[PDB]
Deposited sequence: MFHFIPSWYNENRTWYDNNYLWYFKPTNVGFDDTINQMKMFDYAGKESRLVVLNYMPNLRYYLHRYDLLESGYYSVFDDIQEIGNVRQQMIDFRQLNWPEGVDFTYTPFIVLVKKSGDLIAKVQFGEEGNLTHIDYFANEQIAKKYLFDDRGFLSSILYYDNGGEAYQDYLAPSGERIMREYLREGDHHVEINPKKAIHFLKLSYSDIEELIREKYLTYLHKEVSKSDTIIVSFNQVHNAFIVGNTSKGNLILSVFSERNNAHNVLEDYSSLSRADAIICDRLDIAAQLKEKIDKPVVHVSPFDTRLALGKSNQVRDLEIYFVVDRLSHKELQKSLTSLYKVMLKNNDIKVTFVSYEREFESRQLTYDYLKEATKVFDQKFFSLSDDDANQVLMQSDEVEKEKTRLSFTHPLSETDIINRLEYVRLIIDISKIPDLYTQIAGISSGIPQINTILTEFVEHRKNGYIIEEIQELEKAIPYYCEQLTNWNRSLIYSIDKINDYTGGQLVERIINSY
């Protein structure tokens, strides 16, 4: 069997929850090499399990999002916290033991719990709508944060004082405290409940990682057979105790350009020399690796098969999905001009402007500018709220993007740094992409079109929207590349490279 170790860490507190507010998701949290690889090992019929090292109270919804909830997992923190096979509960925050007489203010984003004008709490909901945490206040200042597991029990409480974060108590579903992790400058040490010391080598750890190393090495000892393979998400936060201690079985290192600094990879001789094989998502990185060490380096393009393929054949609209992030105002101007021209020539073309920027006021300014710059064309079909053919949207999650791309004909991202997930969705859906730069994702005139100047949109958009033969070449190109990934041949190539 195959043990996958992901890197789904928190940027500012490695071993903590990576969850985000439902309305404020970072663009770099989400689909990655571990998801892609576990799916294809699943498609390939391999036995595999996920080994999660950081605190993940929302893990089951997270896995459900990638059709992996059934894939099997071990969670270090689940083990620590004695969670076991807990009965799932659906927490309705309205039925908690609030102080008598609180009132609820429903905003478009959260619920305020107040008592005669005094803030008691802020209630936060997950992407799937489940209660994730409550910020609990005293004298208008946060006092503690209740963190709820998606199985519907209280997982931990983060206490505050003057001075900010103080410490975090991690609980079992009974409410019993298993351990306390301090959060102050110069003090991140961990205290185990003395009644649980039986299960631990120490009562007091210097930091949370020391305990995580201990739990991992126990997993390695008990659960990895000599004939098993560990597939490790390359990360300096855990390579040393995962790869350094790797004598038990086979090892594959996975290098993912969104996460990994190539220089850091190429410098870690000790990790690379212990790999039986290396995977990465990029051909240039693969080449540097093959240059520097004699190891099998297998290129695995990061397909996301949740995307639907080719459904735009079933609509009369020819919907363009146009990413506006990182474009300057003058680039938006030049773009609107060409979009107007192709749209007067083709009444079926519609344009959805797409902003992935989570910051509210930045997005508002981009929308405000787009509205004003369209007003000048003096035409109702070319306006932003005879009906209009322009819209502006801000997808909140990969699921939004996936839904928004279902019937899309053409992807346009013409900035110098095109959005990565959008590119992945492109090769995963067959939707052709227009870029101004070369990428590993697009072969010119095969599944996309590289324009040298923005006015070349006036050529590139008809090339895929009105000449049907070019669009089907792109769908067919994707379908075959897709199948090296669904068909199991890539997995077998990885496996037999050692």
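Stretch of the deposited sequence left without coordinates: only 386-401.
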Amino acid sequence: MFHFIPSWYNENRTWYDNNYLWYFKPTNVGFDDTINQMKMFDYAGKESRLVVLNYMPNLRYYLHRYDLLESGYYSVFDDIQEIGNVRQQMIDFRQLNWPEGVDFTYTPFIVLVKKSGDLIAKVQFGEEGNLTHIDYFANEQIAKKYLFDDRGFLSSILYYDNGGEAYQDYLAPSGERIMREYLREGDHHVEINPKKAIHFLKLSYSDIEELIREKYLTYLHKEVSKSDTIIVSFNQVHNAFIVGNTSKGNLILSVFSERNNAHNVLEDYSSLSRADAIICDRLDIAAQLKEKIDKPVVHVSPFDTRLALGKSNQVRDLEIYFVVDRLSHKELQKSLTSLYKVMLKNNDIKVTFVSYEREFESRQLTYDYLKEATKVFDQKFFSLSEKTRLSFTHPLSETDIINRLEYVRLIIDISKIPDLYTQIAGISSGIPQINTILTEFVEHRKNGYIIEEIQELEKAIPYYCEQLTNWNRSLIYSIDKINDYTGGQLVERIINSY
From here on, numbers count along this sequence of modelled residues.
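For the pair 97-105 and 362-370, the mean B factor over Cα atoms is greater in 362-370. In this crystal structure, the stretch out of 306-314 and 109-117 whose C-alpha atoms carry the higher mean B factor is 306-314. Residue set 61, 464, 66, 55: peak C-alpha B-factor at 464 (per PDB entry). As recorded in the entry, 141 carries the highest CA temperature factor of 81, 130, 141, 235. Among all modelled residues in this chain, the alpha-carbon of residue 51 has a temperature factor (C-alpha) in the lowest third. Looking at the C-alpha B-factors along this chain, the one for residue 245 belongs to the highest third.
Compared with the other modelled residues of the chain, the Cα B-factor recorded for residue 406 ranks in the highest third. When the CA B factors of the chain's modelled residues are split into thirds, the value for residue 165 lands in the middle one. When all modelled residues of the chain are sorted by CA temperature factor, residue 439 is found within the highest third.
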